[PDB]
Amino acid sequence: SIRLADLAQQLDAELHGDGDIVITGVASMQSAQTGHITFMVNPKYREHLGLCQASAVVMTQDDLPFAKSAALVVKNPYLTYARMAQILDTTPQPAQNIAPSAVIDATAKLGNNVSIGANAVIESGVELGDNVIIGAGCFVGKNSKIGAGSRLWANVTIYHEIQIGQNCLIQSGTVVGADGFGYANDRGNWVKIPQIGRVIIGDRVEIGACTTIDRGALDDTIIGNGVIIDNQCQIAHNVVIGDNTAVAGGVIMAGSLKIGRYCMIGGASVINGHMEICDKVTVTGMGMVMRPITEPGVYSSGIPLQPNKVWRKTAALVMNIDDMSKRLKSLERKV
């Protein structure tokens, strides 16, 4: 809990009203009570701000005439919200101190202020940077290194020879460094190719829950700095993702794909491998990415939902579109 004026100072916001208001937390506009700061970005909310019971509303200058409570004026209310939420954050840590039920190999190297949760398992040769937090039930494989300030929630699996930078966050159920899907074929029998590459994760990487990132076959799978990856994603062996790219939930990527910087991959997209997507590409949801992308911009695919009776006719006609094309060509010829 923080005095309003102290908060507006940390946020570089122009305070309009009593600076002695104690702020205890953030809340939505619909839910905010005495003690809460909230924010608005949509002008639709202006008319009913007198129904908002927040102690303070973060807004822009054009909003101030409509304010019905203390206001913090700023250029970017959404960015101010992210910042004030970090200041007022209540989220607990995955762990505090080293649990006596954790199992930690003797050759592991730990920095200052490392916390390791209950029944976590840390393998031989692991290195954990300063302020690294390892949630309960995690596994960290042989010789893997996790940089300072990084945090794993409960039940995360990190394989061997993995490298993670500083201030990364990995949610539960995720697996980093499983075998890539590499097989030779000997008269129809699959022959395992051991995957002795690694995963290199940069600094400030956030990874979601039940995501898998495979280790490379010989060289590495590479996740750039600032990358964010949502839940249920598959990142195959030897994929390379450039800095600040964001990958939404349930995206499936094949091997040896390279994605540039500042891309946005919409949920449930499918990106084929041995190809490259350049910087500043946005793929919308469910995108079927079959070919390299060489120009920045927005790309999309998919025939969207219709009433089932309509869909049946759409899909049958599309499936027979070659016949349609031939009949069009025949007709042109006759005419």
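Don't overthink the numbering: it's just position in the shown sequence, from 1.
Just going by the entry, 190-198 versus 99-107 on mean CA temperature factor gives the higher value to 99-107. As recorded in the PDB entry, 77-85 is the stretch of 213-221 and 77-85 with the greater mean C-alpha temperature factor. In this structure the maximum Cα B-factor among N42, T284, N272, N308 is found at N42. Per the PDB entry, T24 shows the highest C-alpha temperature factor of the residues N320, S325, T314, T24. Annotation for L72: CA B-factor lies in the highest third of the chain's modelled residues.
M29: CA B factor lies in the highest third for its chain, per the PDB record.
When the CA B factors of the chain's modelled residues are split into thirds, the value for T294 lands in the middle one. In this PDB entry, the Cα temperature factor of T91 sits in the top third of its chain's modelled residues, the highest group. The entry lists a Cα temperature factor for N112 that places it in the highest third of the chain's modelled residues.
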